[PDB]
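What follows is the residue order along each chain.
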Amino acid sequence: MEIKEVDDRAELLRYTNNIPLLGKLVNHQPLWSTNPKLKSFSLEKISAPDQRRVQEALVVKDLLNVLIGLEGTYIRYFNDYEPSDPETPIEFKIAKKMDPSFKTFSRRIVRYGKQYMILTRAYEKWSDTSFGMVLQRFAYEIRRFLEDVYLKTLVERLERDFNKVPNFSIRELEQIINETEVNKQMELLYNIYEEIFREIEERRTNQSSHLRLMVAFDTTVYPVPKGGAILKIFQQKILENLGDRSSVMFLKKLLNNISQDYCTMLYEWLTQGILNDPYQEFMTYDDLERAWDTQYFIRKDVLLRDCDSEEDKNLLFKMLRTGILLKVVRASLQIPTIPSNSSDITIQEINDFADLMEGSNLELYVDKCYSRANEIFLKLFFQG
Amino acid sequence: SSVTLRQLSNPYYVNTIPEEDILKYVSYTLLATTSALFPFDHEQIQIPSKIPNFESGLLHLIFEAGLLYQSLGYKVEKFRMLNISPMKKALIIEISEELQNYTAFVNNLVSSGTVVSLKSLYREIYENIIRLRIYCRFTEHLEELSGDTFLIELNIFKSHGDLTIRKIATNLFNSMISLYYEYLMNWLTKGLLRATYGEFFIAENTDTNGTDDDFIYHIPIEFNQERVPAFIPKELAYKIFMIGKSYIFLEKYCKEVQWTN
């Protein structure tokens, strides 16, 4: 195919004030559709049954690029694609002059490149501090997935077979993608994306829409669901994948690797009385960051459970009180931390969120923490 | 059939440069050096028409590392010539270490001979790209910016959900806080304010107008409460201030030299 001249020069982007911490810092390549570097070859010319395999070879070469988010020579980014725009949806168009059987395979394969790019871009957006550590860890896991699973499979298996295997074919690509279940993993991630995304849009849309404790609610709904608001998505998705052991296993693993810092934060609150929430994802926030009798606020929107039932309200308050008593003790003793040997009650870290949320376990975990907080507190008050 | 699809697609790409040749010059691009295939201009990499846009899209994704590398290398070289706070040197040094690790990694991939394609290469260096991007953004403002501000920002990032980010922020933080600690020691053990470049909350103030030019009524030490870092209790910062002031008083005016030493 004849070569066309395009002044293709790679450079770093000048404006970073509008780029997420993990966003791309390099200009996109010139597009085929406006600046092809090659005269195209109509595939019509090789539609013949004896040349048909060649047509397929050319099509597969594009599919490999489509899967990693690049346009090809027969499959192109659609008409409104705008590579400099983080908000532009991406669709692909398939050259009309193509064997119709390939055109249908292509649509089925192409959709994954679409998901790939979306997930890629989404995790980059989520690298901002504005989204919270729960989402950021998820964004991490997405990125990690793509590096180690998606692309690894693609290169080790598909690029490799394209280059090395006689009888390698387009029908095989479909089989392999499903064979490794990478598409299910992506489909789940994609659907999580869609769920959070639509949730964000709903939130964005809705701009107009006994204990001696200073406990106020903060009914603010955040544009970005954070903390429990995210963890709930995962829980709900698991509940929608019931019976698919592979899928739920994946989702559970994933959730436990997302909730890990959340759990740590909760643990310290409950065993140390330490509030440390730089991204404002934890319920129970207060002022100042003397004057110790400050108000505590409950971010209803980041809660793991509703606070409408009596039982969960009671649990929430117990968790709150637990940390407060510990906070008092740390202040009173002028210590950074309360050691495990400060009491006869020792409490293990939360290392499995999903398990903690299985029912009853949370209440007991908290009760143990609470009991401990009182043991320590009372010893101080009646001895110290 | 008897051939792979690559063999069949081949005859249409005969006018273009194969991946073998591209890989032979990629290692140079990745270290931001120039080459015969990819002349590396001051800030741009020239891609020949002989490499289709099909592959160019990947090369941009790959080449970004070389460009980021270059940018960080310049940040290092610029600052290497300046009289700056040790706190910045700590950041700079960490950048140089990252660049050294980057380099070794890249050289190892190339020398291993196991990279046979660009898709493979890209995937293999994917993480390094991410790491450089993180640093590149952290160094974006490494100019007109104090050491404490950086420590604060890093503390935010130390809590970031992304594992790579928190590791990087942590390492940068630790490299810098170590020298912050040294400032505290100089003050606490010597009453010394040295090489702070305005990046330490306790300051010398000898800008007098006859109001004790000889420092017999006051010791020309003051501190900015607003510059006390987040990790030091304000009350303690006060004690720190007073210890060094007391040190000075005793050593300089009371001449309690044997004791003080």
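Here, the structure is the one placed above.
Cut-off values and rules
- Residues numbered from 1 in each chain as written, not as in the entry; some residues may be left out.
- Chains lettered and ligands numbered in written order.
- Part of a larger assembly, values for the part shown.
- Heavy atoms only, no water.
- Helix = DSSP H or I, 4+ residues; strand = E, 2+ residues; numbered from the N terminus.
- Rg over C-alpha atoms; globule rule 2.2 N^0.38 Å.
- Buried < 20%, exposed > 50% of the residue type's maximum accessible area, 1.4 Å probe, protein only.
- Contact = heavy atoms within 4.5 Å.
- Areas by Shrake-Rupley, 256 points an atom, 1.4 Å probe, with all protein chains shown as cover.
- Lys, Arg positive; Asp, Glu negative; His and termini not counted.
- Charge placed at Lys NZ, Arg CZ, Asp CG, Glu CD.
- Buried area = accessible area lost by both parts, 1.4 Å probe.
- Salt bridge = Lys/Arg side-chain N within 4 Å of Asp/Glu carboxyl O.
- Polar contact = N/O pair within 3.5 Å; in protein donor to acceptor, adjacent residues only side chain to side chain.
- Expected span 1.5 Å × (residues − 1).
- Bend = angle between axes of the 7 residues up to and from the residue.
- Axes fitted to C-alpha atoms, helices over the stretch in contact; angles between N-to-C directions.
- Parallel < 35°, antiparallel > 145°, perpendicular 65-115°, else oblique.
- Pairing = 2+ DSSP bridges.
- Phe/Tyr/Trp six-rings, centres within 6.5 Å; stacked < 30°, edge-to-face > 60°.

Peer 1: I'd like a description of the overall build of chain B, backed by residues and values.
Peer 2: The helix and strand tally for chain B stands at 9 helices and 3 strands. Counting from the amino terminus, helix and strand elements in chain B follow one another as α-α-β-α-α-α-α-α-β-β-α-α. The globule rule puts the C-alpha radius of gyration for 261 residues at 18 Å, and the 27 Å found for chain B is more than 25% above it. When its C-alpha atoms are laid out on the principal axes, chain B stretches across 95 × 35 × 30 Å. Here chain B holds 261 residues, and 51% of them are scored as buried. For chain B, restricting intrachain contacts to residue pairs at least 6 apart in sequence, the fraction spanning at least 24 positions comes to 60%. Total accessible area computed for chain B in this model is approximately 12,900 Å², and 53% of it derives from carbon and sulfur atoms. Between the averaged position of the 24 positive side-chain charges in chain B and that of its 31 negative side-chain charges there is a distance of 5 Å.

Peer 1: Outline the overall build of chain A, supporting the account with residue identities and numerical values.
Peer 2: For chain A, the count of helices and strands is 11 helices and 5 strands. For 384 residues, the compact-globule estimate of 2.2 N^0.38 gives 21 Å, and chain A exceeds it by more than 25% at 27 Å. With the C-alpha coordinates aligned to their principal axes, the bounding extent of chain A is approximately 95 × 45 × 40 Å. Within the span of chain A, comprising 384 residues, buried residues form 51% of the whole. Looking at chain A as shown, the accessible area adds up to about 18,900 Å², and 49% of this sits on carbon and sulfur atoms.

Peer 1: Pulling in residues and values, what's your account of the environment of B:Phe249?
Peer 2: Residue and element names in this part refer to chain B. Note that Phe249 resides in helix α8 (residues 234-253). When the C-alpha atoms of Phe249 and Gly191 are compared, they prove to be 9.3 Å apart, with 58 residues separating the residues in sequence. Those residues within four positions of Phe249 in sequence are excluded, and the remaining contacts are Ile219 and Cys254.

Peer 1: Tell me what's going on with the interface of chain A and chain B, and back it up with residues and numbers.
Peer 2: Listed as interface residues are 72 residues of chain A and, on the opposing side, 58 residues of chain B. Summing both sides of the interface, chain A and chain B together bury roughly 5,900 Å²; the carbon and sulfur share of this comes to 59%. Taken as a group, A:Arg9, A:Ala10 and A:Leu21 account for 11% of the area that chain A buries against chain B, more than any other trio of residues on that side. Counting every contact that joins chain A to chain B gives 5 salt bridges. A:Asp261 is paired through a salt bridge with B:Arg166; the nearest N and O atoms lie 2.9 Å apart. Summed over the shared surface of chain A and chain B, the number is 42 residue pairs in polar contact. Contributing elements (two or more residues each) for the side of chain A that touches chain B: β1 (9-10), α1 (52-67), α2 (100-125) and α3 (133-164) of chain A. Per element, the largest residue contribution to the side of chain A that touches chain B is 16 residues, and it comes from α3(A).

Peer 1: So what's going on with unusual backbone geometry? Residues and values would help.
Peer 2: Its identity as a non-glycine residue notwithstanding, A:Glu289 has a phi of 70°, on the positive side. Note on placement: A:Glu289 falls in the loop between α8 (260-272) and β5 (296-299). Under the relative-accessibility criterion, A:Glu289 is labelled exposed at 85%. In this structure, B:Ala195 is a non-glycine residue whose phi angle is positive, near 50°.

Peer 1: Report on the pattern of salt bridges, specifying residues and quantitative values.
Peer 2: All names here are of chain A. For the structure shown, the criterion picks out 43 salt bridges over all chains. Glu174 is paired through a salt bridge with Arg108; the nearest N and O atoms lie 2.9 Å apart. Of this pair, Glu174 sits in helix α4 (residues 170-179) while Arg108 sits in helix α2; the two residues are 66 residues apart in sequence, bridging distant segments of the chain. Within the structure, one salt-bridge network assembled from shared partners comprises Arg157, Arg160, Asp161 and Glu179.

Peer 1: Which residues make up α3(A), and what values go with them?
Peer 2: Taking 1.5 Å per residue as the helical rise, α3(A) with its 32 residues ought to reach 46 Å, and the 43 Å between its terminal C-alpha atoms agrees with that figure. Within α3(A), the axis deviates most sharply at A:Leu146, by approximately 40°.

Peer 1: Lay out the side chain of A:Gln272 in plain terms, naming residues and giving numbers.
Peer 2: All names here are of chain A. Within the secondary structure layout, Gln272 lies in helix α8. Among the polar contacts made by the side chain of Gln272, one reaches the side chain of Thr337 at a distance of 2.6 Å. Within polar-contact distance, the side chain of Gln272 engages the backbone nitrogen of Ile338 at 2.8 Å. Apart from the residues within four sequence positions on either side, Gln272 is in contact with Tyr267, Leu326, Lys327, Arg330, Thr337 and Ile338.

Peer 1: Can you tell me about helix α5 (residues 182-205) of chain A, naming the residues and giving the values?
Peer 2: Residues and elements named next belong to chain A. Between its first and last C-alpha atoms α5 spans 34 Å; for 24 residues at 1.5 Å apiece the expected length is 34 Å, and the two agree. Taken together, the buried positions of α5 are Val182, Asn183, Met186, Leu188, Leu189, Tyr190, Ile192, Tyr193, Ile196, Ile200 and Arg203. Here the buried face of α5 lies against α2, α3, α4, α6 (228-240) and α7 (245-256).

Peer 1: Outline the packing of α3(A) against α8(A), listing residues and values.
Peer 2: Residues and elements named next belong to chain A. Between α3 and α8, whose axes approach to 8 Å, the crossing angle comes to 150°. Classed by the angle they form, the pair α3 and α8 counts as roughly antiparallel. Listed contacts from α8 to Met133, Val134 and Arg137 of α3 are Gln260, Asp261, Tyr262 and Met265.

Peer 1: Before we move on, can you summarise the pairing of strand β4 (residues 215-218) of chain A with the specific residues and values?
Peer 2: All names here are of chain A. Because side chains alternate across β4, one face comprises the buried residues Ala216 and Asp218, and the other comprises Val215 and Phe217, none of which is buried. Bridge analysis of β4 against β5 gives 4 bridges, and the strand direction is parallel. By the bridge assignment for β5, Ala216 is matched with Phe297.

Peer 1: Help me get a handle on the packing of aromatic side chains, residues and values and all.
Peer 2: Scanning the entire structure with this criterion turns up 27 aromatic pairs over all chains. Between A:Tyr190 and A:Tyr193, the aromatic rings sit 6.4 Å apart at their centres with planes inclined by 40°, giving tilted as the arrangement. Separated by 3 residues within a single helix, A:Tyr190 and A:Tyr193 lie in helix α5, roughly one turn from each other. Of the two residues, A:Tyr190 and A:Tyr193, neither departs from the other in class, the shared state being buried. Considering the side-chain rings of B:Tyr122 and B:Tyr126, the 5.7 Å spacing of their centres and the 75° angle between planes classify their relative orientation as edge-to-face. Taken as a pair, B:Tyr122 and B:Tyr126 lie in helix α5 (residues 118-138) at a separation of 4 residues, close to a single helical turn. By the burial criterion, B:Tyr122 is buried, and B:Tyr126 matches it. Through a chain of ring-to-ring contacts, the aromatic side chains of B:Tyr180, B:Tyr183, B:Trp187, B:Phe200, B:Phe201, B:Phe223, B:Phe231 and B:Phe241 assemble into a single cluster.

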